[PDB]
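Heads up: the structure comes next, in structure tokens.
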Amino acid sequence: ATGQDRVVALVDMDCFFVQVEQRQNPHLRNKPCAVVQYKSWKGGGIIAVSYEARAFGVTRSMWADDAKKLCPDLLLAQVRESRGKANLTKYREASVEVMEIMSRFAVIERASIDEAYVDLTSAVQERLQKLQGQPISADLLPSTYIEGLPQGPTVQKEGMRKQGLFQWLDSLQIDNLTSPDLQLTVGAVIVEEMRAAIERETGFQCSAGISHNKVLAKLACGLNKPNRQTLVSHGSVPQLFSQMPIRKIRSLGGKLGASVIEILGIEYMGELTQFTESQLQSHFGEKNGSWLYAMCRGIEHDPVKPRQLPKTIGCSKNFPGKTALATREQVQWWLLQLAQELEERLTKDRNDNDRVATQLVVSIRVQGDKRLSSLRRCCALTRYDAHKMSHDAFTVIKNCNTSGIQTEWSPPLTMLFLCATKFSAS
DNA sequence: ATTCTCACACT
DNA sequence: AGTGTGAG
Ligand SMILES: O=c1[nH]cnc2c1ncn2[C@@H]1O[C@H](COP(=O)(O)OP(=O)(O)OP(=O)(O)O)[C@@H](O)[C@H]1O
Ligand SMILES: [Ca+2]
């Protein structure tokens, strides 16, 4: 098994929240700009950055005041706020615009508010038979890069792209409808069409990767951004992985990836090929070890899930520093604000998607604790009523209050979280 | 003191 | 059910 059975793409909207704001406010187009939340603290936290501003060093996680030091002419758009918290509706609605367009071409897996995996295997098979056996012109691939080409015996970027594409298409075996490289190329043709449709019908640009699985497609998508697509063939994997830091591969960006590096004494994905599957299973567990053994050879089997809608709907707010909640009536009021935005989104979900959540997950963070969450408790979600959820959420957390007072909350809360789960068809 | 979602493995 | 990891 060479892991070449499928054609999978990953589409990523370029600096998505910035694009939504630039479409709305033309004064922001083709300018260094960023999208910010919470204007009062250090000018707002940056959550999205246009490519013109990235050339000044502006990134996410930065404070707007700091970003303005790197880029004095940075323009800012601020996220809507509703009931004291950032409100992402505008961006979720734009996300829906794009996913509905993608769904015309293939079945998609929503991966995040601005990326989707695309399973193109069947679409490719139908384009191949409609294609008689005539050649794929480079005109059908006007923004595609072939990873690893050109090679062998031009100083500008578009020149290189074309030379790589010409070498690929020259050597393509169009008479063999079962060559995986041919299937990828047809897949790339379809993704060009899908990206043209997205830009025509929404004004939004995106990048894409086309490969044989989700991990290679995601890696490919990042190789030539913005507004370009990249085909990573099975054959391109040994050279690509030979200098690819382990942490770049999806799921290895964290503690497991650091353990792979430290325990094995390696730096690059390709270096994993020298270990047996049992060796990797002994260090990292049966599942992780088998996964790493196949993945360093370019092979991964995670399916594209036919799922365009999230499985949970959640509402959280952080209260860092001196703003940590300290009174019972503070905690009730913020629980109510979260439960009100949750009710709004749930009722829209019951009208748009014909389902009802049935479990309510309540989570809190305590000043001094270390982790994303300190505690998770659940109860039934029987009615989409903000006052009832918020009452119920308090009920299941009210005993975490270590204070002997009834009107004080010790120790102070640095996060409230409400999440609706366990949907059933309605 | 960036923040906020959402998915899944493990137990 | 509750915790921990990883991602956009
Ligand atoms: O580190 C994060 N903490 C919280 N939330 C994040 C983070 N990272 C990403 N998000 C969310 O996921 C959207 C698009 O995530 P993204 O990585 O695809 O970033 P962009 O499209 O802006 O730029 P690209 O680099 O893709 O061109 C972001 O706006 C935001 O909603
Ligand atoms: Ca993106």
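Labels used: A, B, ... for chains in the order of the structure tokens, numbers from 1 for residues in each chain, and numbers from 1 for ligands as shown.
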### Query
What residues have any atom no more than 6 Å from ligand 2 when counting only C-alpha atoms (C1' of nucleotides) and all ligand atoms, and can you list them as a list in words?
residues 12, 13, 14, 15, 16 and 114 of chain A
### Query
What residues in range 230-262 of chain A get the DSSP label alpha helix (DSSP H)? Please answer as a ChimeraX atom specification.
/A:237-242,255-262
Report as CSV: every residue of chain B with an atom at most 10 Å from ligand 1, its closest pair of atoms, and their distance in Å to one decimal, counting only C-alpha atoms (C1' of nucleotides) and all ligand atoms, with rows sorted by chain and ascending residue number.
```
residue,atom,partner,partner_atom_place_in_ligand_line,distance
B:2,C1',ligand 1,3 (N),8.3
B:3,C1',ligand 1,4 (C),6.2
B:4,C1',ligand 1,4 (C),5.5
B:5,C1',ligand 1,5 (N),7.2
```
#### Entry: Neighbour list for range 337-352 of chain A as a list in words, cut-off 9 Å, only C-alpha atoms (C1' of nucleotides), skip fewer than 4 positions in-chain
residues 82, 83, 84, 85, 87, 313, 314, 315, 316, 317, 332, 333, 356, 357, 384, 385, 386, 387, 388, 389, 390, 393, 416, 417, 418, 419, 420 and 426 of chain A
Residues from last step as file, N, CA and C atoms, as a compact mmCIF listing (two decimals), in the first residue's frame:
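Produced file selection.txt, reproduced below:
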```
# COMPACT_ATOMS: atom_id res chain seq x y z
N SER A 82 -20.86 41.74 21.55
CA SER A 82 -22.24 41.57 21.98
C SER A 82 -22.19 40.99 23.38
N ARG A 83 -22.85 41.67 24.32
CA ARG A 83 -22.92 41.24 25.72
C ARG A 83 -21.54 41.03 26.33
N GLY A 84 -20.62 41.92 26.01
CA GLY A 84 -19.32 41.92 26.65
C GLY A 84 -18.28 41.02 26.03
N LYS A 85 -18.57 40.40 24.89
CA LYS A 85 -17.65 39.43 24.35
C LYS A 85 -17.65 39.50 22.83
N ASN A 87 -17.99 38.81 19.04
CA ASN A 87 -19.11 38.12 18.39
C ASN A 87 -18.67 37.85 16.96
N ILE A 313 -21.62 23.46 20.13
CA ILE A 313 -21.69 24.92 20.07
C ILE A 313 -21.37 25.47 21.45
N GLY A 314 -20.34 26.31 21.52
CA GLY A 314 -19.78 26.71 22.79
C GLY A 314 -19.61 28.22 22.88
N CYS A 315 -19.56 28.68 24.12
CA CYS A 315 -19.57 30.09 24.48
C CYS A 315 -18.71 30.26 25.73
N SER A 316 -17.53 30.88 25.59
CA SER A 316 -16.63 31.07 26.71
C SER A 316 -16.13 32.51 26.73
N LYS A 317 -15.68 32.93 27.91
CA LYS A 317 -15.02 34.22 28.07
C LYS A 317 -13.96 34.07 29.15
N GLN A 332 -23.11 34.96 38.24
CA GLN A 332 -24.43 34.82 37.63
C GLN A 332 -24.59 35.72 36.42
N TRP A 333 -24.15 36.98 36.52
CA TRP A 333 -24.41 37.90 35.41
C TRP A 333 -23.66 37.46 34.16
N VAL A 356 -31.49 19.51 17.75
CA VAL A 356 -31.58 20.09 19.09
C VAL A 356 -30.50 19.50 19.99
N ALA A 357 -29.71 20.37 20.63
CA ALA A 357 -28.76 19.91 21.64
C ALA A 357 -29.50 19.44 22.88
N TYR A 384 -34.27 25.81 25.21
CA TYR A 384 -33.39 26.89 24.75
C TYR A 384 -33.86 28.20 25.40
N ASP A 385 -33.53 28.34 26.69
CA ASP A 385 -33.90 29.49 27.50
C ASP A 385 -32.70 29.97 28.31
N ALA A 386 -32.21 31.17 27.99
CA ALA A 386 -30.95 31.65 28.58
C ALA A 386 -31.00 31.66 30.11
N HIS A 387 -32.13 32.08 30.69
CA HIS A 387 -32.19 32.14 32.14
C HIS A 387 -32.14 30.76 32.77
N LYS A 388 -32.72 29.76 32.11
CA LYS A 388 -32.64 28.41 32.65
C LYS A 388 -31.24 27.82 32.51
N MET A 389 -30.62 27.89 31.31
CA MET A 389 -29.23 27.42 31.22
C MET A 389 -28.34 28.07 32.28
N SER A 390 -28.41 29.39 32.39
CA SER A 390 -27.49 30.09 33.29
C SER A 390 -27.75 29.71 34.74
N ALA A 393 -26.32 26.18 34.95
CA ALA A 393 -24.86 26.22 34.96
C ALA A 393 -24.33 26.60 36.34
N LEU A 416 -15.27 31.38 32.40
CA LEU A 416 -16.55 30.68 32.33
C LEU A 416 -16.74 30.08 30.94
N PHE A 417 -17.36 28.90 30.89
CA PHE A 417 -17.49 28.22 29.61
C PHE A 417 -18.82 27.48 29.63
N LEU A 418 -19.62 27.67 28.59
CA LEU A 418 -20.87 26.93 28.40
C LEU A 418 -20.83 26.30 27.02
N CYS A 419 -21.16 25.02 26.93
CA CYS A 419 -21.11 24.36 25.63
C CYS A 419 -22.31 23.43 25.51
N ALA A 420 -23.04 23.56 24.41
CA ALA A 420 -24.14 22.67 24.07
C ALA A 420 -23.61 21.52 23.24
N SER A 426 -34.06 17.08 14.75
CA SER A 426 -35.34 17.69 15.07
C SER A 426 -36.16 17.96 13.80
```
### Query
Just how far from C1' of residue 7 in chain C is CA of residue 250 in chain A, in Å to one decimal?
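CA of residue 250 in chain A sits 8.2 Å away from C1' of residue 7 in chain C.
Every protein or nucleic acid residue with an atom no more than 10 Å from range 9-11 of chain B, counting only C-alpha atoms (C1' of nucleotides) and leaving out same-chain residues fewer than 3 positions away, appears here: residues 2, 3, 4 and 5 of chain C.
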Restricting the output to C-alpha atoms (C1' of nucleotides), write the selected residues as a compact mmCIF listing (two decimals), in the first residue's frame.
```txt
# COMPACT_ATOMS: atom_id res chain seq x y z
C1' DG C 2 -14.31 14.20 33.43
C1' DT C 3 -9.24 15.38 31.74
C1' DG C 4 -5.77 16.39 28.44
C1' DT C 5 -3.91 17.43 23.77
```
I'd like a table as a Markdown table: residues in chain A with an atom no more than 8 Å from chain C, each row giving the shortest atom pair and its distance in Å to one decimal, only C-alpha atoms (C1' of nucleotides) counted, sorted by chain and rising residue number.
```
| residue | atom | partner | partner_atom | distance |
| --- | --- | --- | --- | --- |
| A:111 | CA | C:8 | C1' | 7.9 |
| A:112 | CA | C:8 | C1' | 5.6 |
| A:113 | CA | C:8 | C1' | 7.4 |
| A:114 | CA | C:8 | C1' | 7.7 |
| A:115 | CA | C:8 | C1' | 7.9 |
| A:251 | CA | C:6 | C1' | 6.0 |
| A:253 | CA | C:6 | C1' | 7.5 |
| A:254 | CA | C:6 | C1' | 6.8 |
| A:376 | CA | C:2 | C1' | 6.4 |
| A:377 | CA | C:2 | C1' | 7.6 |
```
### Task
Identify every residue of chain A that has at least one atom within 9 Å of any atom of chain B, counting only C-alpha atoms (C1' of nucleotides), and report the result as number ranges by chain.
A: 37, 41, 44-47, 60-63, 86, 111-112, 310-318, 320-321
Output C-alpha atoms of each residue in that selection to a file, as a CSV table (one decimal), in the first residue's frame.
```
chain,number,residue,atom,x,y,z
A,37,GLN,CA,-10.9,42.3,19.5
A,41,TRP,CA,-6.4,46.6,26.5
A,44,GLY,CA,-7.0,45.2,21.0
A,45,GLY,CA,-5.8,41.7,20.5
A,46,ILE,CA,-5.0,40.9,16.8
A,47,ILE,CA,-6.8,37.8,15.5
A,60,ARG,CA,-1.7,37.1,15.6
A,61,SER,CA,-1.5,37.1,19.4
A,62,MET,CA,0.0,40.6,19.2
A,63,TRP,CA,-1.5,43.6,20.8
A,86,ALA,CA,-16.4,39.2,20.8
A,111,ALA,CA,-12.1,21.8,9.6
A,112,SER,CA,-12.4,25.3,11.1
A,310,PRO,CA,-20.0,21.6,14.1
A,311,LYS,CA,-20.8,18.9,16.7
A,312,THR,CA,-20.8,21.2,19.7
A,313,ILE,CA,-21.7,24.9,20.1
A,314,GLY,CA,-19.8,26.7,22.8
A,315,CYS,CA,-19.6,30.1,24.5
A,316,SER,CA,-16.6,31.1,26.7
A,317,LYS,CA,-15.0,34.2,28.1
A,318,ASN,CA,-11.7,34.7,29.9
A,320,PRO,CA,-7.6,37.6,33.2
A,321,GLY,CA,-5.9,39.4,36.0
```
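A straight line drawn from CA of residue 247 in chain A to CA of residue 160 in chain A is 27.8 Å long.
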